[PDB]
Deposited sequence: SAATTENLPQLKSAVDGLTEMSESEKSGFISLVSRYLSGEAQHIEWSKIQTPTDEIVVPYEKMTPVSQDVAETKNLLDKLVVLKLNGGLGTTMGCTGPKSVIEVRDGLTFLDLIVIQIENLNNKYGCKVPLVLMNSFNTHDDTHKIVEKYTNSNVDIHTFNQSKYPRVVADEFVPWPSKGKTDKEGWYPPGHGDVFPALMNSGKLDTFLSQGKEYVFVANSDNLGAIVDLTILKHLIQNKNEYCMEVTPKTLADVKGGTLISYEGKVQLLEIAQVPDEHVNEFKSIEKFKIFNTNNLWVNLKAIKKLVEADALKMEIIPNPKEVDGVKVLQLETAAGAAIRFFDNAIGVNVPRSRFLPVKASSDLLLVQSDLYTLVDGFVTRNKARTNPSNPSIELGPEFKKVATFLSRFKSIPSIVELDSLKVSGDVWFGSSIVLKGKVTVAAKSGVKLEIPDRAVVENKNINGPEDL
């Protein structure tokens, strides 16, 4: 460890608090009970439906809102989805980006109630420049937008265990942002937590930039303030399709990830029958509690190694998760929310869902079509032909109707025309060297289309 510290102190590009923060993760990493796991009670993981909504007194709502900061995690790139820049600036619905919609929602809150709720974006050294030029578009918007850069840590060469920039990899690829658990130290380090405290704010609502369900929820905010919950994680029921779970362990609610489960217990962990809930990454956190625990160096989340191979070299990228911080705060709870609060956009297939007749946009919010029977969204699986946002859009002249869809799987070189209707279970599979065009106004129900012979 003394050699690692010297090496890090040799990296003059690192801030003093980044160096100490990194050595602290490294130290913990280099150092360090299934039968004890319990299901949380309903008082620790509160069903959303038991929470008291705000009264009709608009003044009560304004006073809750005056205490709030909305934060979006914005440290990630549009790379999975074939886009350069930050994921948040992908157009998600009606030509509006994730960031456009977040801004609209907050404007509408401020207009409706007379509050001045700010928006803050946590960027990384990979997204900060693009984001900073983009946010100028909201200069005259009815919301103050703050940005800050999270920590920038050296990738560590796995074998020798030395900082990669110490071996001369000082360009962008030598470094990494150490996960969303870094939100707590970065908020302090950047100065932004102090600015909001000085503005009389008390809580931050943190969410993934690409979660379209993560809207300010007055019922939760009310609960935190009335009941003095310093941390509240939104969890949602676990489905076959899902996730870190909340457990009760040694008297505390804690995040449990598969990484910390013994091999013999991994299959039971994946039972949506044993663990019924999972973390949405919608997190409500008391700002004074954050300052106190960060300054006391008390946030000791599980280390996630996240190994990668970059430019030939195998590296470690020690990180932490924001949800794992729950066990350090006072009177922490989960709240078990309807899945309406969890609509992630991770791939083109999710764009198909949200750009379809399954949703519309109301007042900046992606709003589910009430005509659909199933409360669950249909499963959409698309081949790599559809991976890039541009290519996805090119393969759909319009987004087909899917209100009556159970599932779609598409593979091979497939192109969709306009005004298509899909129902029940649908597969479209173009063989090697075949291009399949689904014609305009096709109605496809409970069908496998395996070639032109099938339509």
Regions left out of the model, expressed as runs of the deposited sequence counted from 1: 1-7, 40-44, 255-256
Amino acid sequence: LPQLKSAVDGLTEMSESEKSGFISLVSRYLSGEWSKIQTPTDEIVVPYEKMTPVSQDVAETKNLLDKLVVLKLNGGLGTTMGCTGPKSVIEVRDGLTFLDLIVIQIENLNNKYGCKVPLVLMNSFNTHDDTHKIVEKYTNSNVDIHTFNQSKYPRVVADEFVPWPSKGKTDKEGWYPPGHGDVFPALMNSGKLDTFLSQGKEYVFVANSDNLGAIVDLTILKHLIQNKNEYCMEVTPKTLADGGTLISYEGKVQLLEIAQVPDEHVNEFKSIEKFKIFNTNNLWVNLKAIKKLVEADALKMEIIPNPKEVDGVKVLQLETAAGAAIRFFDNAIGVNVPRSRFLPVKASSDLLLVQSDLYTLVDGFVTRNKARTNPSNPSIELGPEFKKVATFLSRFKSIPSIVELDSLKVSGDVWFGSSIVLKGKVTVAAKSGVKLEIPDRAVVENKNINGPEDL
From here on, numbers count along this sequence of modelled residues.
Other entries omitting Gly32, at least a third: yes
Comparing 374-382 with 200-208, the one whose average Cα B-factor in the PDB entry is higher: 374-382
Between the two ranges 64-72 and 416-424, the one averaging a larger CA B factor in the entry: 416-424
Residue, from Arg341, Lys308, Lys87, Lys291, that the PDB entry assigns the highest Cα B-factor: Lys308
Highest-ranked of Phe161, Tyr231, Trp175, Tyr359 once sorted by CA temperature factor in the record: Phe161
Chain-wide C-alpha B factor ranking for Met51, given as lowest, middle or highest third: lowest
Chain third (lowest, middle, highest) by recorded CA B-factor, residue given as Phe148: lowest
Assigned third (lowest, middle, highest) for the C-alpha B factor of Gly82: highest
Lowest, middle or highest third - CA B-factor, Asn281: lowest
Chain third (lowest, middle, highest) by recorded CA B-factor, residue given as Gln260: highest
